[PDB]
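Encoded as structure tokens, the structure appears first; notes follow it.
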Amino acid sequence: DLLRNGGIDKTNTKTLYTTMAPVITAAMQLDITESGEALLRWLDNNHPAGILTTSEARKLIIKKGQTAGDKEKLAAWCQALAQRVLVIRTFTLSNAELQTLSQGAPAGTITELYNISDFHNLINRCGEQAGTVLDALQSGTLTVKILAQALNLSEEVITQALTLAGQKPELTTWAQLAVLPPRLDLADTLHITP
Amino acid sequence: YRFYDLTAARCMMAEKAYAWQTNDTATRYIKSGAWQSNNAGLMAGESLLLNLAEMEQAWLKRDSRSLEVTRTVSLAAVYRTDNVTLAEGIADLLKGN
Amino acid sequence: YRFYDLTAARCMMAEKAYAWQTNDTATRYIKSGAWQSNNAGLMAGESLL
Amino acid sequence: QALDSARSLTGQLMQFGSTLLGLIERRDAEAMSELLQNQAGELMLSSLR
Amino acid sequence: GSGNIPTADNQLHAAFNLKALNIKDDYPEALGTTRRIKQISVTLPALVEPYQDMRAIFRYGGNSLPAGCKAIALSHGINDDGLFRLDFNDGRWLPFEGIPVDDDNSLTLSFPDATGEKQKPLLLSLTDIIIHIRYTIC
Amino acid sequence: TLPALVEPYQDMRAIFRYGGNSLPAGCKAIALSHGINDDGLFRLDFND
């Protein structure tokens, strides 16, 4: 009733998210409206099957009369939204980690939650300087020098751990950053280089 | 609670005045969901004045200058279209029917 | 959010009325940056006024 | 007149912005007030133990 | 029948370029560099049959005006605004307000249904058109 | 007021102006329209 009333959610993409965002981030008790804006993006990029695109959810939620069917479909959509909220809160991931993961992080099986937890571990190691790291990763300018500056590790260590599962110079995606924390932990507990 | 029912009918009077002065009864601006019983009706007037400002801007886009013409009807000529025109037509009527 | 889009077009109507009644279309007063998504648009009406 | 009509809505958006900052600030206090009680409960368990 | 007029199709139409009216030549330029039209009034001294209106439309040729501001009507033909109340305090502009006196108008004074009817001895006996243009030197 | 014999439907060309400079910007100069008890304005209201 609250999305159906109020202003009509705009038919243009990237405006659909920012108009649907505050009521969804109220309904999930998330922190920031932009976090709830990127949550619709993260469920829209990937989701288990049969769940509505948010454009299709907007098309459904403004109808003449909602049938006996295709109203539990919208309920399943909101259940998937709440499940992704629970994914977000069970790792305590920030706004920037979310918006890095919002553009296509696979979640829905265990070996993908392993990767999300490793990425969250790396960004917690980045710490206060994680904002420019995820800003460089959202652009195409993340290098080994700035990421070694953030982690307070040497540049000649991260470029070694990159050679393991070789992606070595082209750090453009977050999935190549999930590889780093097991390699760095194993090169810490054995006092050797990667 | 009983003041919301006062001001919502004012919003409806504003909408009916808008629908009368510009003949647009298909569109609507004062929509439902202004009261929410989870909030005990808190922030209803914000939504109502949002809809009022939407309707005011729709007015100011639709409100412009317009042509204004008067026309004088000589009613003796339109009774003359039936040729039982007024100068005899009122004069021959003498009855208590 | 959807009230800012209402009042910004009012500011633009005021600017176009100013540009029509005094023929000064080169100057501009209602400039951008009134909304800021870091602030979630807080203090936009201050800048507009 | 259009300037006054715009000034009315910009003052109204000032009111909306002040109300919104009050609601954000107050929500943000209540969330910490609930966080402290959840922490006090799971700390009271350890003290009893 | 002739569209794109400057007896058009079934109506009569008037056309003037106000550059040829010499508004700039009227007063010296040292007074003010810009002159803008404020109010236009029309006077049509024709022999009118009693209790009969007059059919006339008056319109701006170019497009730089507000929406309804560019066109005005006419009612009876002696010093008649298209309005019925005449107040400069209205924030609605007068029709033809803000027009620069340079160019961009074929001065449309239309006359619908100029053919054989009660309007034909009216517009036949109209010996002259007289306009009254109030403008602002700023 | 300029009581001259005017040909019908003809305006009158006249400008009236203050010599010194202590007035507001446009206040110092006035125009004239037809020449019998005519302000440079068209509405005459002291409430402005």
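Please note that chains go A, B, ... in the order of the structure tokens, that every chain numbers its residues from 1, and that ligands are numbered from 1 in the order shown.
By only C-alpha atoms, and with residues fewer than 2 positions from residue 113 (chain E) along its chain excluded, the set lying at most 8 Å from it is residues 10, 11, 12, 111, 115 and 119 of chain E.
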Same residues, N, CA, C and O atoms, saved as an mmCIF file, in the first residue's frame:
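Wrote selection_38.cif, looks like this:
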data_model
loop_
_atom_site.group_PDB
_atom_site.id
_atom_site.type_symbol
_atom_site.label_atom_id
_atom_site.label_comp_id
_atom_site.auth_asym_id
_atom_site.auth_seq_id
_atom_site.Cartn_x
_atom_site.Cartn_y
_atom_site.Cartn_z
ATOM 1 N N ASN E 10 -12.044 31.354 -45.387
ATOM 2 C CA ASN E 10 -13.379 31.923 -45.304
ATOM 3 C C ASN E 10 -13.340 33.126 -44.370
ATOM 4 O O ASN E 10 -14.396 33.656 -44.003
ATOM 5 N N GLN E 11 -12.145 33.573 -43.993
ATOM 6 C CA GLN E 11 -11.939 34.581 -42.969
ATOM 7 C C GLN E 11 -11.027 35.665 -43.522
ATOM 8 O O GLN E 11 -10.330 35.473 -44.520
ATOM 9 N N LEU E 12 -11.028 36.814 -42.856
ATOM 10 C CA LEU E 12 -10.181 37.931 -43.233
ATOM 11 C C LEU E 12 -9.019 38.028 -42.256
ATOM 12 O O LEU E 12 -9.158 37.731 -41.067
ATOM 13 N N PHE E 111 -10.094 37.890 -38.712
ATOM 14 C CA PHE E 111 -11.521 38.202 -38.726
ATOM 15 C C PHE E 111 -12.251 36.965 -39.220
ATOM 16 O O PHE E 111 -12.392 36.772 -40.439
ATOM 17 N N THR E 115 -17.420 36.232 -44.827
ATOM 18 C CA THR E 115 -18.260 36.024 -45.997
ATOM 19 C C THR E 115 -19.618 36.703 -45.815
ATOM 20 O O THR E 115 -19.845 37.459 -44.865
ATOM 21 N N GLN E 119 -21.858 39.876 -40.636
ATOM 22 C CA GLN E 119 -20.517 40.431 -40.502
ATOM 23 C C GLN E 119 -20.048 41.164 -41.751
ATOM 24 O O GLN E 119 -19.113 41.968 -41.663
#
Step one, run DSSP on the backbone; step two, keep only residues of chain F assigned to strand (DSSP E or B); then write them as a list in words.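 The residues of chain F classed as strand (DSSP E or B) are residues 14, 15, 16, 17, 29, 30, 31 and 32 of chain F.
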So which residues of region 138-189 of chain A fall under alpha helix (DSSP H) by DSSP, listed as JSON, numbers by chain? {"A": [138, 144, 145, 146, 147, 148, 149, 150, 151, 155, 156, 157, 158, 159, 160, 161, 180, 181, 182, 183, 184, 185, 186, 187, 188, 189]}
With only C-alpha atoms counted and 6 Å as the cut-off, give the residues of region 22-69 of chain A in contact with region 94-117 of chain A, each with its shortest interatomic distance in Å and the pair that gives it, as CSV.
residue,atom,partner,partner_atom,distance
A:35,CA,A:95,CA,5.7
A:38,CA,A:102,CA,5.7
A:41,CA,A:102,CA,5.8
A:42,CA,A:102,CA,4.2
A:45,CA,A:104,CA,5.4
Report the closest atom pair, with its distance in Å rounded to one decimal, for each residue of chain A that has an atom no farther than 12 Å from chain D; count only C-alpha atoms, sort by chain and then rising residue number, and write it as a Markdown table.
| residue | atom | partner | partner_atom | distance |
| --- | --- | --- | --- | --- |
| A:26 | CA | D:27 | CA | 11.0 |
| A:29 | CA | D:31 | CA | 9.9 |
| A:30 | CA | D:31 | CA | 10.9 |
| A:31 | CA | D:28 | CA | 8.9 |
| A:32 | CA | D:24 | CA | 9.9 |
| A:33 | CA | D:24 | CA | 11.1 |
Give one line per residue of chain C that approaches chain D to at most 9 Å, naming the two atoms of the closest pair and their distance in Å to one decimal, counting only C-alpha atoms; sort by chain then ascending residue number and deliver it as CSV.
residue,atom,partner,partner_atom,distance
C:3,CA,D:13,CA,7.4
C:4,CA,D:13,CA,7.3
C:6,CA,D:9,CA,8.3
C:7,CA,D:9,CA,5.8
C:8,CA,D:6,CA,8.4
C:9,CA,D:6,CA,8.7
C:10,CA,D:6,CA,5.1
C:11,CA,D:6,CA,5.7
C:12,CA,D:6,CA,8.9
C:13,CA,D:2,CA,7.1
C:14,CA,D:3,CA,5.3
C:15,CA,D:3,CA,8.4
C:17,CA,D:2,CA,7.4
C:18,CA,D:3,CA,8.8
C:41,CA,D:17,CA,8.3
C:42,CA,D:17,CA,5.6
C:43,CA,D:17,CA,6.4
C:44,CA,D:14,CA,7.7
C:45,CA,D:10,CA,4.9
C:46,CA,D:14,CA,6.5
C:48,CA,D:10,CA,6.8
C:49,CA,D:10,CA,6.2
For the residues selected in the previous step, produce a file with C-alpha atoms as an mmCIF file, in the first residue's frame.
data_model
loop_
_atom_site.group_PDB
_atom_site.id
_atom_site.type_symbol
_atom_site.label_atom_id
_atom_site.label_comp_id
_atom_site.auth_asym_id
_atom_site.auth_seq_id
_atom_site.Cartn_x
_atom_site.Cartn_y
_atom_site.Cartn_z
ATOM 1 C CA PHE C 3 9.222 17.545 -3.079
ATOM 2 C CA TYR C 4 12.642 18.846 -4.112
ATOM 3 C CA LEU C 6 8.566 20.217 -7.120
ATOM 4 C CA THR C 7 10.266 23.267 -5.671
ATOM 5 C CA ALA C 8 13.252 23.298 -8.044
ATOM 6 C CA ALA C 9 10.951 23.774 -11.013
ATOM 7 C CA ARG C 10 9.344 26.636 -9.088
ATOM 8 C CA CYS C 11 12.779 28.198 -8.734
ATOM 9 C CA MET C 12 13.192 27.700 -12.482
ATOM 10 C CA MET C 13 9.827 29.364 -13.157
ATOM 11 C CA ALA C 14 10.951 32.298 -11.018
ATOM 12 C CA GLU C 15 14.202 32.482 -12.979
ATOM 13 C CA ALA C 17 10.011 35.117 -15.159
ATOM 14 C CA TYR C 18 13.023 37.203 -14.136
ATOM 15 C CA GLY C 41 19.434 16.299 -0.083
ATOM 16 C CA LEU C 42 19.403 17.922 3.353
ATOM 17 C CA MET C 43 19.749 21.721 3.161
ATOM 18 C CA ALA C 44 18.624 22.076 -0.427
ATOM 19 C CA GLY C 45 15.957 24.678 0.244
ATOM 20 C CA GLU C 46 18.450 26.891 2.047
ATOM 21 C CA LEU C 48 17.547 27.503 -3.333
ATOM 22 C CA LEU C 49 16.275 30.407 -1.247
#
Could I get the residues of chain B with an atom no further than 10 Å from an atom of chain C, each paired with its nearest atom pair and that distance in Å to one decimal, using only C-alpha atoms, sorted by chain and residue number, as a tab-separated table?
residue	atom	partner	partner_atom	distance
B:46	CA	C:3	CA	9.9
B:47	CA	C:3	CA	9.8
B:49	CA	C:3	CA	9.7
B:50	CA	C:3	CA	6.7
B:51	CA	C:3	CA	9.6
B:53	CA	C:6	CA	7.4
B:54	CA	C:6	CA	7.1
B:56	CA	C:6	CA	9.9
B:57	CA	C:6	CA	7.7
B:60	CA	C:13	CA	9.8
Please dump the current selection as a PDB file, in the first residue's frame; keep N, CA and C atoms.
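selection23.pdb was written with the following content:
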ATOM      1  N   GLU B  46       1.995  16.192   5.560  1.00  0.00           N
ATOM      2  CA  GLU B  46       3.108  16.250   4.621  1.00  0.00           C
ATOM      3  C   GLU B  46       2.732  15.644   3.277  1.00  0.00           C
ATOM      4  N   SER B  47       2.119  14.461   3.296  1.00  0.00           N
ATOM      5  CA  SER B  47       1.737  13.807   2.051  1.00  0.00           C
ATOM      6  C   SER B  47       0.594  14.544   1.372  1.00  0.00           C
ATOM      7  N   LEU B  49       0.014  17.784   1.549  1.00  0.00           N
ATOM      8  CA  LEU B  49       0.497  19.021   0.954  1.00  0.00           C
ATOM      9  C   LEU B  49       1.433  18.744  -0.212  1.00  0.00           C
ATOM     10  N   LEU B  50       2.100  17.588  -0.213  1.00  0.00           N
ATOM     11  CA  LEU B  50       2.783  17.111  -1.411  1.00  0.00           C
ATOM     12  C   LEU B  50       1.824  16.996  -2.582  1.00  0.00           C
ATOM     13  N   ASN B  51       0.677  16.351  -2.354  1.00  0.00           N
ATOM     14  CA  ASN B  51      -0.306  16.206  -3.421  1.00  0.00           C
ATOM     15  C   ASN B  51      -0.902  17.554  -3.813  1.00  0.00           C
ATOM     16  N   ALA B  53       0.718  20.408  -3.730  1.00  0.00           N
ATOM     17  CA  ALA B  53       1.712  21.133  -4.508  1.00  0.00           C
ATOM     18  C   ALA B  53       1.851  20.553  -5.907  1.00  0.00           C
ATOM     19  N   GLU B  54       1.715  19.227  -6.037  1.00  0.00           N
ATOM     20  CA  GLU B  54       1.628  18.603  -7.355  1.00  0.00           C
ATOM     21  C   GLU B  54       0.461  19.166  -8.150  1.00  0.00           C
ATOM     22  N   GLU B  56      -0.977  22.080  -7.618  1.00  0.00           N
ATOM     23  CA  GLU B  56      -0.731  23.495  -7.873  1.00  0.00           C
ATOM     24  C   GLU B  56       0.193  23.687  -9.066  1.00  0.00           C
ATOM     25  N   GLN B  57       1.218  22.844  -9.185  1.00  0.00           N
ATOM     26  CA  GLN B  57       2.110  22.957 -10.330  1.00  0.00           C
ATOM     27  C   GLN B  57       1.435  22.497 -11.612  1.00  0.00           C
ATOM     28  N   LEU B  60      -0.405  25.535 -12.602  1.00  0.00           N
ATOM     29  CA  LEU B  60       0.422  26.612 -13.151  1.00  0.00           C
ATOM     30  C   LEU B  60       1.019  26.264 -14.508  1.00  0.00           C
TER      31      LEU B  60
END
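In this model, the gap between CA of residue 52 (chain A) and CA of residue 34 (chain B) comes to 27.6 Å.
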For chain F, which of E:80, E:87, E:117, E:29 is the closest residue, counting only C-alpha atoms?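 Ranking E:80, E:87, E:117, E:29 by distance to chain F, first place goes to E:87.
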Residue neighbourhood residue 52 (chain B), 8 Å, only C-alpha atoms, exclusion window fewer than 4 positions, as a VMD selection string: chain B and resid 11 29 to 30 48 56
Store the residues picked out above in a file with N, CA and C atoms, as a PDB file, in the first residue's frame.
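Result file result_25.pdb:
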ATOM      1  N   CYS B  11      -8.758  18.889   1.022  1.00  0.00           N
ATOM      2  CA  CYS B  11      -7.970  18.457  -0.124  1.00  0.00           C
ATOM      3  C   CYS B  11      -8.871  17.960  -1.249  1.00  0.00           C
ATOM      4  N   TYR B  29      -5.092  13.802  -7.917  1.00  0.00           N
ATOM      5  CA  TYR B  29      -3.874  14.155  -7.204  1.00  0.00           C
ATOM      6  C   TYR B  29      -3.918  13.787  -5.734  1.00  0.00           C
ATOM      7  N   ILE B  30      -5.031  14.041  -5.052  1.00  0.00           N
ATOM      8  CA  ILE B  30      -5.147  13.680  -3.644  1.00  0.00           C
ATOM      9  C   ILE B  30      -5.421  12.183  -3.607  1.00  0.00           C
ATOM     10  N   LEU B  48      -0.347  15.063   2.163  1.00  0.00           N
ATOM     11  CA  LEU B  48      -1.449  15.825   1.589  1.00  0.00           C
ATOM     12  C   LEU B  48      -0.963  17.114   0.944  1.00  0.00           C
ATOM     13  N   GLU B  56      -0.977  22.080  -7.618  1.00  0.00           N
ATOM     14  CA  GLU B  56      -0.731  23.495  -7.873  1.00  0.00           C
ATOM     15  C   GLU B  56       0.193  23.687  -9.066  1.00  0.00           C
TER      16      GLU B  56
END
Would you please work out which residue, of E:24, E:38, E:85, E:19, is nearest to chain B when using only C-alpha atoms?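 When distances to chain B are compared using only C-alpha atoms, the smallest one comes from E:85.
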Closest atom pairs, residues of chain E within 6 Å of chain B, only C-alpha atoms, as CSV:
residue,atom,partner,partner_atom,distance
E:51,CA,B:72,CA,5.9
E:52,CA,B:72,CA,5.5
E:53,CA,B:71,CA,5.6
E:68,CA,B:65,CA,4.1
E:69,CA,B:65,CA,5.5
E:72,CA,B:67,CA,5.9
E:73,CA,B:67,CA,5.4
E:75,CA,B:69,CA,5.7
